[PDB]
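Note sheet for the following structure.
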Amino acid sequence: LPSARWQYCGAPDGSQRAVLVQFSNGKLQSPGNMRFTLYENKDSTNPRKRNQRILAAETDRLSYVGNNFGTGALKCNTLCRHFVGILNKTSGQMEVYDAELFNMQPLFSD
Amino acid sequence: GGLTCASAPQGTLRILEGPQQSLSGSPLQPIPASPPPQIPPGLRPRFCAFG
């Protein structure tokens, strides 16, 4: 059975994280026209706030927002951990990195 | 300079931590079964007739 040699190159300080997105309303038919912007909290002194992040995705018609804090932050980001594996098919080596999962949702204000 | 959607993942790995089963010995009871009530040895009659 096909197998890969596992390596956690991972994050140098653990400060580095990749970014996974999941859309609450399904799959994006055209992810190529989306612009994602990652926002971080300016407060680096508060351990609670220093890991707060917002991911915004803008389309022509709607905006999506995901956050890793508050109601929008969901349980899967903690109870479980997410990683990204980059497999080199030639070497059979899989490099594994920490990942952060954002659940994306639509933007409207009264 | 922004973030763009990349190629779809080709596979998923789900990790869980699991221990294994031991041999079946099925040691039902310390002193097992319903041990039967029984005769005290010898006993002897504790009663006699008159005469």
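Letters A, B, ... mark the chains of the structure tokens in the order given; residue numbers begin at 1 per chain; ligand numbers begin at 1, in order shown.
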Could you list, with a cut-off of 7 Å and counting only C-alpha atoms, the residues of chain B near chain A, each shown with its nearest atom pair and the distance in Å rounded to one decimal, rows sorted by chain and ascending number, as a tab-separated table?
```
residue	atom	partner	partner_atom	distance
B:2	CA	A:36	CA	6.2
B:3	CA	A:36	CA	4.9
B:4	CA	A:35	CA	6.2
B:5	CA	A:31	CA	5.9
```
Write a file of the just-selected residues containing N, CA and C atoms, as a PDB file, in the first residue's frame.
```pdb
ATOM      1  N   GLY B   2      -2.238  39.213  -2.171  1.00  0.00           N
ATOM      2  CA  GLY B   2      -3.235  38.598  -1.310  1.00  0.00           C
ATOM      3  C   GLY B   2      -3.193  37.083  -1.337  1.00  0.00           C
ATOM      4  N   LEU B   3      -4.115  36.453  -0.546  1.00  0.00           N
ATOM      5  CA  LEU B   3      -4.280  35.006  -0.480  1.00  0.00           C
ATOM      6  C   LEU B   3      -5.268  34.522  -1.537  1.00  0.00           C
ATOM      7  N   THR B   4      -4.880  33.469  -2.263  1.00  0.00           N
ATOM      8  CA  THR B   4      -5.738  32.921  -3.350  1.00  0.00           C
ATOM      9  C   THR B   4      -6.046  31.448  -3.064  1.00  0.00           C
ATOM     10  N   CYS B   5      -7.146  30.922  -3.605  1.00  0.00           N
ATOM     11  CA  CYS B   5      -7.434  29.476  -3.424  1.00  0.00           C
ATOM     12  C   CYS B   5      -6.405  28.634  -4.185  1.00  0.00           C
TER      13      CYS B   5
END
```
Exercise for the section: Run DSSP on the backbone of this structure and report the residues of chain A it assigns to helix (DSSP H, G or I), as a PyMOL selection string. Expected result: chain A and resi 31-33+76-79
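We find atom CA of residue A:16 and atom CA of residue A:51 to be spaced 11.3 Å apart.
Straight-line separation from atom CA of residue A:54 to atom CA of residue A:107: 12.9 Å.
Picture a line from atom CA of residue A:71 to atom CA of residue A:27; it runs 22.0 Å.
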Practice task
Compare A:6, A:39, A:23, A:97 by their minimum atom-to-atom distance to residue A:64, counting only C-alpha atoms, and give me the closest one.
Solution key: A:23
Practice task
Would you mind writing down, as a ChimeraX atom specification, each residue of chain A that DSSP on the backbone assigns to strand (DSSP E)?
Solution key: /A:5-7,18-23,35-40,53-58,63-67,82-88,93-106
Selection from above, C-alpha atoms, as an mmCIF file, in the first residue's frame, can you write it?
```cif
data_model
loop_
_atom_site.group_PDB
_atom_site.id
_atom_site.type_symbol
_atom_site.label_atom_id
_atom_site.label_comp_id
_atom_site.auth_asym_id
_atom_site.auth_seq_id
_atom_site.Cartn_x
_atom_site.Cartn_y
_atom_site.Cartn_z
ATOM 1 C CA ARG A 5 7.605 9.368 5.186
ATOM 2 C CA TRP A 6 6.178 11.851 7.716
ATOM 3 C CA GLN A 7 8.133 15.079 8.546
ATOM 4 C CA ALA A 18 -1.306 28.003 7.021
ATOM 5 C CA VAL A 19 -4.916 28.955 6.267
ATOM 6 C CA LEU A 20 -7.820 26.592 5.509
ATOM 7 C CA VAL A 21 -11.193 27.878 4.495
ATOM 8 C CA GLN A 22 -14.566 26.226 4.565
ATOM 9 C CA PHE A 23 -17.749 27.855 3.246
ATOM 10 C CA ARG A 35 -9.601 37.790 -2.866
ATOM 11 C CA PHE A 36 -8.771 36.736 0.626
ATOM 12 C CA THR A 37 -7.487 39.092 3.278
ATOM 13 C CA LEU A 38 -6.250 37.902 6.631
ATOM 14 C CA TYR A 39 -6.582 40.304 9.529
ATOM 15 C CA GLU A 40 -4.870 39.966 12.892
ATOM 16 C CA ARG A 53 -7.739 36.518 13.423
ATOM 17 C CA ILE A 54 -10.346 37.465 10.768
ATOM 18 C CA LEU A 55 -10.431 36.125 7.300
ATOM 19 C CA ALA A 56 -12.380 38.049 4.721
ATOM 20 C CA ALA A 57 -13.187 36.973 1.246
ATOM 21 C CA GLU A 58 -14.539 39.443 -1.292
ATOM 22 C CA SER A 63 -18.466 39.077 1.170
ATOM 23 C CA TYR A 64 -17.550 36.213 3.359
ATOM 24 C CA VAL A 65 -16.103 36.448 6.792
ATOM 25 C CA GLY A 66 -14.559 33.901 9.057
ATOM 26 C CA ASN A 67 -13.208 34.327 12.523
ATOM 27 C CA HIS A 82 -5.751 20.598 11.517
ATOM 28 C CA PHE A 83 -2.638 20.130 9.473
ATOM 29 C CA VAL A 84 -1.635 20.433 5.892
ATOM 30 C CA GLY A 85 0.548 17.735 4.339
ATOM 31 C CA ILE A 86 2.654 18.495 1.298
ATOM 32 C CA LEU A 87 3.600 15.223 -0.368
ATOM 33 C CA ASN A 88 6.547 14.969 -2.729
ATOM 34 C CA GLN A 93 8.227 12.476 1.809
ATOM 35 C CA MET A 94 5.257 14.265 3.399
ATOM 36 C CA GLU A 95 5.945 17.634 5.017
ATOM 37 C CA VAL A 96 3.358 18.461 7.635
ATOM 38 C CA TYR A 97 2.358 22.026 8.745
ATOM 39 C CA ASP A 98 0.012 23.507 11.288
ATOM 40 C CA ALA A 99 -3.179 24.790 9.797
ATOM 41 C CA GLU A 100 -5.869 27.093 10.863
ATOM 42 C CA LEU A 101 -9.401 26.442 9.667
ATOM 43 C CA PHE A 102 -11.756 29.398 8.939
ATOM 44 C CA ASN A 103 -15.466 28.838 8.459
ATOM 45 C CA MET A 104 -16.589 31.383 5.958
ATOM 46 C CA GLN A 105 -19.943 33.255 6.049
ATOM 47 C CA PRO A 106 -21.788 36.163 4.016
#
```
